[PDB]
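Everything on this sheet refers to the single structure shown next.
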Amino acid sequence: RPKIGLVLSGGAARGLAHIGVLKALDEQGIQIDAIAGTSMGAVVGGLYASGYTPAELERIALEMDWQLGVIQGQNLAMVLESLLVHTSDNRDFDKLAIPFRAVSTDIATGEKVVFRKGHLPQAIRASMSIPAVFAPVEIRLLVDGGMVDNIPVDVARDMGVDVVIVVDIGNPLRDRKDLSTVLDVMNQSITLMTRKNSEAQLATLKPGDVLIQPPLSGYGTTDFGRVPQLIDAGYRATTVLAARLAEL
Amino acid sequence: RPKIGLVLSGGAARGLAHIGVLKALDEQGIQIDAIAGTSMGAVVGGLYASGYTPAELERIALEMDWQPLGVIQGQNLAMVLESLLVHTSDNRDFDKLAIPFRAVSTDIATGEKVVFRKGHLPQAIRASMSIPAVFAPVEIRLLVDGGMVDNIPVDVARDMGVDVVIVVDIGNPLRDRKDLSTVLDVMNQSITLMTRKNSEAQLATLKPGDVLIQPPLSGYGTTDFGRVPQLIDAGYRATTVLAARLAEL
Ligand code: NA
Ligand code: NA
């Protein structure tokens with residue numbers, strides 16, 4: 001039987017669609033041997049790697065307050081430590097329920113930083129440290145890994161997997177009418193280079209592999225008003241490929 | 001004889017080294033048939049394309065004040081450029097300037113490269129120079145600094161039909177850990193990162209025939225205009241050193 005690696009692309013609000021993919025994949029009895037994730041893909045995939053069920057991930061997403069950069073940085077770190085209190089005495093990420101890699105960016109040098117050991121919470125928090133939303137973290141000064149490897153196919157392949165299931169939740173560009181402020185222009189820039197490394201990795205997909213691309217046409221990148229829809233989106237997108245995933 | 005295209009990479013303060021390259025190139029009698037530039041490379045190269053001498057470019061750089069806010073500086077930069085270029089008002093096609101010229105910019109809405117080849121020289125150069133968080137973007141497409149898509153526009157210059165390119169890379173140094181204080185700092189760094197990545201890509205396409213000039217700018221702050229004379233000397237000396245290699249064009 002083939003080793004299957006699950007790659008979970010970066011985002012924020014949009015990355016809760018990852019939950020619905022897991023929910024489908026589990027239902028369909030697809031066994032994941034390795035997970036690689038950036039930002040939200042790293043949160044969802046990390047919690048799942050640690051032992052959470054997609055159903056519990058769903059319950060947690062529907063029951064918490066998504067309603068300055070440093071204060072939110074600490075708040076995110078304390079939530080992650082609470083959820084992961086059961087993996088305190090873990091150090092090697094290969095020895096979690098499922099092997100797991102988070103991906104982050106060394107803001108000083110631009111180098112990709114793949115975590116494979118240490119403190120799961122702290123590593124996941126690095127991968128999730130979106131500039132102008134969560135302060136970077138010091139472990140190297142570290143940020144959201146979207147700008148270097150948003151869809152870390154190659155990371156997952158260096159865990160020795162034969163096939164990858166890749167979930168691209170997309171990073172839509174802002175429309176001309178929404179580019180009001182200077183912050184808006186620069187996020188757009190980050191979005192542009194994020195897509196460019198994303199497209200590059202997606203280029204390396206082979207015959208064997210499976211791309212999942214949830215229908216998220218409507219969906220605001222930071223908009224957590226529609227969780228149930230986001231999760232359904234990933235659920236349905238994956239349910240549709242039940243036939244193709246079956247042959248793994 | 002070969003058609004020589006001069007490519008002038010993007011920057012800000014560091015791009016005044018471009019002046020010293022022109023100053024050398026002229027001295028050495030190297031004839032330029034086409035110019036392509038981004039940001040500062042576009043200002044210096046555009047003014048030179050229009051008929052300024054490198055000497056006058058140097059005089060202008062040594063005698064002016066580099067000492068809601070993004071927009072006010074945007075207008076100020078536009079009025080300076082219109083003053084300097086008042087003689088090319090009735091120009092429309094950039095191929096009919098003293099030297100053919102292309103400025104390069106970025107459509108911030110779509111990420112597409114925007115190469116200007118016609119219209120109003122000042123307005124186009126101002127687009128190429130519209131560095132986010134320093135000069136408001138311009139509406140012509142909402143347009144910014146072309147560094148993020150083609151900082152070293154070798155391919156633009158080659159689409160003007162040149163056989164050889166002289167490329168001036170002034171570099172975009174990354175900020176060190178100790179200088180990354182604010183959120184603005186982190187995001188500039190990001191822009192720097194993608195700027196280098198497209199820069200390295202174009203530099204990859206250079207051939208046997210072509211000539212890369214890379215001024216010694218080790219010290220130099222990207223926004224630091226306190227050392228103009230050094231910046232110009234840097235480009236001057238870097239080019240003077242290759243007098244032999246440029247001679248065979
Ligand atoms: Na340390
Ligand atoms: Na550090």
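Scheme for the structure tokens: letters A, B, ... for chains in order shown; per-chain residue numbers from 1; ligand numbers from 1 in order shown.
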Would you kindly return, as number ranges by chain, each protein, DNA or RNA residue with an atom no farther than 12 Å from any atom of residue B:201, considering only C-alpha atoms and excluding same-chain residues fewer than 3 positions away?
-> B: 149-155, 194-198, 204-206
Check: which chain A residues lie within 12 Å of chain B using only C-alpha atoms, as an MDAnalysis selection string = chainID A and resid 68:70 105:111 129:136 138 140:148 172:197
Taking C-alpha atoms for each residue, export the selection above as an mmCIF file, in the first residue's frame.
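Result file is again_17.cif:
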data_model
loop_
_atom_site.group_PDB
_atom_site.id
_atom_site.type_symbol
_atom_site.label_atom_id
_atom_site.label_comp_id
_atom_site.auth_asym_id
_atom_site.auth_seq_id
_atom_site.Cartn_x
_atom_site.Cartn_y
_atom_site.Cartn_z
ATOM 1 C CA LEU A 68 -2.250 44.773 19.248
ATOM 2 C CA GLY A 69 -0.128 42.427 17.067
ATOM 3 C CA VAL A 70 1.722 41.186 20.178
ATOM 4 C CA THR A 105 9.637 31.976 7.043
ATOM 5 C CA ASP A 106 12.846 33.439 8.485
ATOM 6 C CA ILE A 107 11.999 37.070 7.992
ATOM 7 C CA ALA A 108 15.669 38.073 8.375
ATOM 8 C CA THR A 109 16.933 35.877 5.526
ATOM 9 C CA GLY A 110 13.855 34.748 3.574
ATOM 10 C CA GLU A 111 14.691 31.078 4.124
ATOM 11 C CA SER A 129 2.221 34.374 12.457
ATOM 12 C CA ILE A 130 0.611 36.414 9.635
ATOM 13 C CA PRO A 131 2.267 39.875 9.422
ATOM 14 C CA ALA A 132 0.060 42.713 10.667
ATOM 15 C CA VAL A 133 -2.176 40.198 12.510
ATOM 16 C CA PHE A 134 0.167 38.218 14.791
ATOM 17 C CA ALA A 135 3.608 39.465 15.844
ATOM 18 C CA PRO A 136 6.461 37.295 14.576
ATOM 19 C CA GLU A 138 11.648 34.168 18.147
ATOM 20 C CA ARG A 140 15.450 33.181 13.827
ATOM 21 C CA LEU A 141 12.628 35.772 13.801
ATOM 22 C CA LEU A 142 9.736 33.859 12.234
ATOM 23 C CA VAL A 143 6.543 34.557 10.252
ATOM 24 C CA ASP A 144 3.699 32.927 8.291
ATOM 25 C CA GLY A 145 5.277 30.425 5.873
ATOM 26 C CA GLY A 146 2.944 31.472 3.051
ATOM 27 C CA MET A 147 5.513 33.771 1.505
ATOM 28 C CA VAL A 148 7.971 30.933 0.815
ATOM 29 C CA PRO A 172 -7.689 35.543 -3.813
ATOM 30 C CA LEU A 173 -6.283 38.965 -4.864
ATOM 31 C CA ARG A 174 -8.149 42.034 -3.516
ATOM 32 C CA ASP A 175 -10.161 43.977 -6.084
ATOM 33 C CA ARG A 176 -9.256 47.491 -7.121
ATOM 34 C CA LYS A 177 -12.169 48.910 -5.068
ATOM 35 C CA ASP A 178 -10.908 47.273 -1.853
ATOM 36 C CA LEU A 179 -7.336 48.545 -2.092
ATOM 37 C CA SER A 180 -7.907 51.589 0.160
ATOM 38 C CA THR A 181 -4.906 51.800 2.501
ATOM 39 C CA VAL A 182 -1.151 51.256 2.384
ATOM 40 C CA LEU A 183 -1.537 48.098 4.476
ATOM 41 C CA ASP A 184 -3.926 46.814 1.744
ATOM 42 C CA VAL A 185 -1.344 47.314 -0.998
ATOM 43 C CA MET A 186 1.306 45.401 0.920
ATOM 44 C CA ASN A 187 -0.853 42.455 1.825
ATOM 45 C CA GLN A 188 -1.594 42.308 -1.878
ATOM 46 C CA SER A 189 2.123 42.083 -2.546
ATOM 47 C CA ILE A 190 2.450 39.246 -0.008
ATOM 48 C CA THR A 191 -0.538 37.592 -1.667
ATOM 49 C CA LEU A 192 1.225 37.890 -5.044
ATOM 50 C CA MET A 193 4.424 36.108 -3.936
ATOM 51 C CA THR A 194 2.405 33.590 -1.989
ATOM 52 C CA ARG A 195 0.563 32.627 -5.197
ATOM 53 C CA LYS A 196 3.787 32.532 -7.183
ATOM 54 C CA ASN A 197 5.431 29.896 -4.873
#
Write out as a PyMOL selection string each polymer residue whose atoms come within 12 Å of residue B:30, counting only C-alpha atoms; drop sequence neighbours fewer than 4 positions from it.
-> chain B and resi 1-6+21-26+165-166+239-240+242-249
Residues within 9 Å of residue B:140, please, as a PDB file with C-alpha atoms, in the first residue's frame. Count only C-alpha atoms; anything in the same chain fewer than 5 positions from it doesn't count.
ATOM      1  CA  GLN B 123       3.658  60.155 -15.553  1.00  0.00           C
ATOM      2  CA  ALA B 124       5.162  56.790 -16.659  1.00  0.00           C
ATOM      3  CA  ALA B 127       4.532  54.994 -11.957  1.00  0.00           C
TER       4      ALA B 127
END
With only C-alpha atoms and all ligand atoms as the basis for distance, which of A:153, A:234, A:139, A:18 is at the shortest distance from ligand 2?
-> A:139
Near residue B:171, counting only C-alpha atoms, which residues have an atom at most 9 Å away, once you skip same-chain residues fewer than 2 positions from it, shown as an MDAnalysis selection string?
-> chainID B and resid 9:11 14 169 173 196 199 214:215 217
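The spacing separating atom CA of residue B:62 from atom CA of residue B:231 amounts to 11.1 Å.
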